[PDB]
Structures are given as C-alpha cells and as structure tokens.
Amino acid sequence: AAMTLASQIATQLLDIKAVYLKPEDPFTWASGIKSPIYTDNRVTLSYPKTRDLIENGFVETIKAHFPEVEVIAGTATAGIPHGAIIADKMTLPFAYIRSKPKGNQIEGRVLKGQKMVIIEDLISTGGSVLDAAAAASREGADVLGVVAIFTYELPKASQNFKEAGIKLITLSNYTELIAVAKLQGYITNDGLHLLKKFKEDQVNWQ
Amino acid sequence: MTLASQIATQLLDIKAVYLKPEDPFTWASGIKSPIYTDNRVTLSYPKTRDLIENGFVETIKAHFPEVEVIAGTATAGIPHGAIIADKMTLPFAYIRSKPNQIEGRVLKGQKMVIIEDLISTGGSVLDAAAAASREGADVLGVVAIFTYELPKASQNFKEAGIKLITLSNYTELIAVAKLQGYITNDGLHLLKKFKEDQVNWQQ
Ligand SMILES: [Cl-]
C-alpha cells in the first residue's frame, strides 16, 4: 500500500495479464517488428478491482491537471469504456470520437468552446489520440489535454505531443512497469535489460 | 410518468429522437421512416444519462440477478454498458461488429447481459449475441434503451430465443410527442400506422 499509482496499476496489469512481458521469447507486432511486450488494457475492463483503480486514478488526475474540464471524450474504441465511467463518476457530459466520419467524428453533443479532456487507453506514437484532438478542435471543442492509462514512453510520442502543443498525462508507464515486473519476478535481469533496449530502439534491441 | 415516458420526454427534449411523419427518413432497406434516433446524445446530458443507466441497473438487478459480465454492443452500446458495469461492480466486456469479436476477458459459460442503445430490427445485437455465444458466453438476455416495437424485431428475438427488455418504447414516446406538441394528431396517426406497417403507412 506504499506504491505509487503508476506502480499499483503496473502490478495489476501484470497480474491480470493485461500486459505480457516475454523479452527472450518476443511477440511479433504488425510490420515485422519483434517486441518484448504485449499490451491489451481492454482486459482491465473485466477486472472490477483493477478497473476501479484505473477509473479512480483518472478522475483524480483530471481534477488535478484539468479542473475546469466540461466534457470527457473517449477515443474510439478502447478509450470509450474508461471515458464513459469517468464522465459518470464526475457527473459530466460524455462524448466519443470516431476514428473516421461515418462535422462528423464526435458522437454526443459538444457545445462550441466546451473544455474537453480526451481519454485514451494506450500511447505508442500518440497519433490516434492526437488525431482525435484535431477532430474535436475542428468541431468546436477547447481540448485541455489527454489522459491515458499507459505509455510505451517512445521519444516519438513526446515529440508528437510537444509539436502539437497538447498536454499528455498517463496513469502508468513503461519504466515503472518493467521495474515492477523485475521486482515481482515476471522478468529476469537479462529480460529487464532487453526491455530497456526496446525502449531505446524498436528495430535493433535484440 | 412511468420510467419509459420519463425517458421518452427527455429523448425528445434533447433531440435524441426526431419525428418527421410528414417528411420521412429513408432506410437502407428502402423503407421510409417517420423516426430518426440518435441515443448517443443522451451521453452528453448527465441528468438523462443517469436516469437511463440507473434504469438499466434496476432492470438487470431484477431480471438477471445471476449476470457475471455486462457486455456492450460496439460502438453505441459500449458507454452505457461500461457505466452499468461500474455501478454493479461487474466485469465489463464489449463485442465488435465484425471479426475474436469479444474484447475484454470472458471465460467459457460466463453469464452475459448484452447492452444496446436502439432496437430497430434487432439484427445487430442478435449478431453480437451469436458471436459472444460462439466464443463461450452464456447470453442471458439483451437490454436496450429504446425500441421501435417493429414486428420484425419481435420475430428476430423469438427465433433467436433471446429475452429483450427495453427501458422506453415507440408507442409511449409518440404519445409524449403529441402531448408536448412535437407532432400533431395527423403526425401521430402516421406514426401509429408506420409501426403497424412500415411499407404502406403513407398510403
Ligand atoms: Cl447514425
């Protein structure tokens, strides 16, 4: 009970296998990339204890970073369940933002100038949630920022958010998760070393 | 007012439902419809959303006390189902519209209530229901915000052998529309005829 929120979330993600770490037997991602990590935080939705931790963490970080928020928008599709729960908990309007149109991406009703926080599940490059913010801004939102469950901490995501001028907060992150994984025996020191290389360079980490 | 008429009053007010009997919408099938529904806008009105989500919880708590997972139909049923699951401290999952269609984790034989925002023919949610069943869920039933009360939907559900519960319905909603002046008696008559016959109601 003395762990950071980031570390508590990582503990539970590993425990419920929302995240698997197999640095010495890696996954193949799309695009021919081998990865020591697989993430599916939609699994958290099926574990009320973990889900409550995450949704309560989101509400707390939003109040802290974006107290003037007027609308909670979830990124289609993975960010939607979390966003809806957050909006219910804060007694705020909810909207969601499609990946593409069927004046067409926001579902719900958002007033011009309404202050929005956008909810995302996972940040890799941030491209998806950044495009969501772009669509929201086109349709009249005042986007305060983004909150996500987790980030791979890729330098490219930092660059994307900075260049876009959009604040990102995350509840947990790659560094805390691989740290907790080793502490808890999910990975060996050799595995931890490989995971650190993966953050540095996704192509030549092996 | 009953919960159904309360819901309907708020759907009309926030323009989640548009009634145009004298100038109908056209459906993919070619049917002209006096009604358009977008219940996603309920999500942006906390008073209305609270009423709907609490309504869902009560009816699930009564009709499906053995439910072990709440599943939302992608995409419009997802936000409602997620809030329902949070309120009930239950597992949540959701079901993709097309192909592994269950997202989340559902074990074999886990008892599932499926959440939908609108029943027109019921085809989408029944496709959701078959996919979840193929993947091991024990589908208990479907609950939806609103139904057009189409005979096609009734027969679809009876054939599939699946219970449908709804919070509000076409008949009660067009009654509130007339009472509140959103339609005239002529429009109400047209709306009633559409429900009895979707092909010949303008004749
Ligand atoms: Cl539509």
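In what follows, chains are A, B, ... by sequence order, proteins preceding strands, each numbered from 1. The basis for the numbers below is simple: all heavy atoms, side chains too, and nothing from hydrogens, waters or symmetry mates.
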Looking at every non-hydrogen atom in both residues, tell me the closest pair between [X] and [Y] and how far apart they are.
| X | Y | result |
| --- | --- | --- |
| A85(B) | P91(B) | CB-O, 4.1 Å |
| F66(A) | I169(A) | CZ-CD1, 3.3 Å |
| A129(B) | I114(B) | CA-CD1, 3.8 Å |
| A132(B) | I102(B) | CA-CD1, 3.9 Å |

Indicate every side-chain donor-acceptor pair of residues 115-126 of chain B with a distance under 3.5 Å to a residue at least two apart or in another chain.
unit_1  : atom_1 : unit_2  : atom_2 : d
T121(B) : OG1    : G123(B) : N      : 3.0

Next item on the list: May I have the step-by-step check of side chain to side chain contact (heavy atoms under 4.5 Å, CB included) for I31(B) and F25(B), ending in yes or no?
Entry: CA-CA 8 Å; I31(B) 277 144; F25(B) 304 92; over 6 Å; no

[X] side chain vs [Y] backbone, donor-acceptor pair below 3.5 Å:
| X | Y | answer |
| --- | --- | --- |
| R51(A) | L90(B) | yes |
| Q105(A) | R98(A) | yes |
| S5(B) | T2(B) | no |
| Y170(B) | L191(B) | yes |
| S44(B) | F94(A) | yes |
| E68(A) | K115(A) | no |
| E176(A) | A10(A) | no |
| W201(B) | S33(B) | no |
| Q202(A) | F198(A) | no |

Item checked: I80(A) vs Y94(B), side chain to side chain contact (heavy atoms under 4.5 Å, CB included): CA-CA, chis, key distance, verdict -> CA-CA 11 Å; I80(A) 289 169; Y94(B) 61 91; over 6 Å; no

Notebook entry, point to check: Charged N to carboxylate O below 4.0 Å: is that the case for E58(B) and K61(B)?
Noted result: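 Between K61(B) and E58(B) there is a salt bridge, with a charged N closer than 4.0 Å to a carboxylate O.
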
How long is the span from the [atom1] atom in [X] to the [atom2] atom in [Y], to the nearest 0.5 Å?
| X | Y | atom1 | atom2 | value |
| --- | --- | --- | --- | --- |
| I16(A) | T11(A) | CD1 | OG1 | 11.5 Å |
| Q110(B) | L140(B) | CD | CG | 10.5 Å |
| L171(A) | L13(A) | CG | CG | 10.0 Å |
| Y20(A) | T39(A) | OH | OG1 | 11.0 Å |
| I72(A) | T91(A) | CD1 | OG1 | 11.0 Å |
| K158(B) | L164(B) | NZ | CG | 9.0 Å |

Notebook entry, point to check: More than 12 heavy atoms of other residues, nucleotides or ligands under 6.0 Å from NZ of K196(A): is that the case?
Noted result: no

Margin query: Please check if the number of heavy atoms outside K167(A) that lie under 6.0 Å from its NZ is greater than 12.
Written below: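 Count not over threshold, so no.
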
Side-chain H-bond candidate by donor/acceptor type, [X] with [Y], under 3.5 Å:
| X | Y | answer |
| --- | --- | --- |
| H63(B) | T59(B) | yes |
| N56(A) | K89(A) | yes |
| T28(A) | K34(A) | no |

Margin query: Going by side chain to side chain donor-acceptor pair (under 3.5 Å), name the residues that satisfy it together with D40(A), two or more places apart in sequence or in a different chain.
Written below: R42(A)

Notebook entry, point to check: For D52(A) and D86(B), what are the C-alpha separation, side-chain angles and deciding distance, and is it a side chain to side chain contact (heavy atoms under 4.5 Å, CB included)?
Noted result: CA-CA 8 Å; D52(A) 279 348; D86(B) 177 67; 3.7 Å; yes

Next item on the list: List for me each residue that meets ring pair (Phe, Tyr, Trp, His ring centres under 6.0 Å) alongside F56(B), sequence neighbours excluded, and say none if there are none.
Entry: none

Next item on the list: Show the numbers, then the answer: is there a side chain to side chain contact (heavy atoms under 4.5 Å, CB included) between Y182(B) and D13(B)?
Entry: CA-CA 10 Å; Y182(B) 290 100; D13(B) 185 41; 4.1 Å; yes

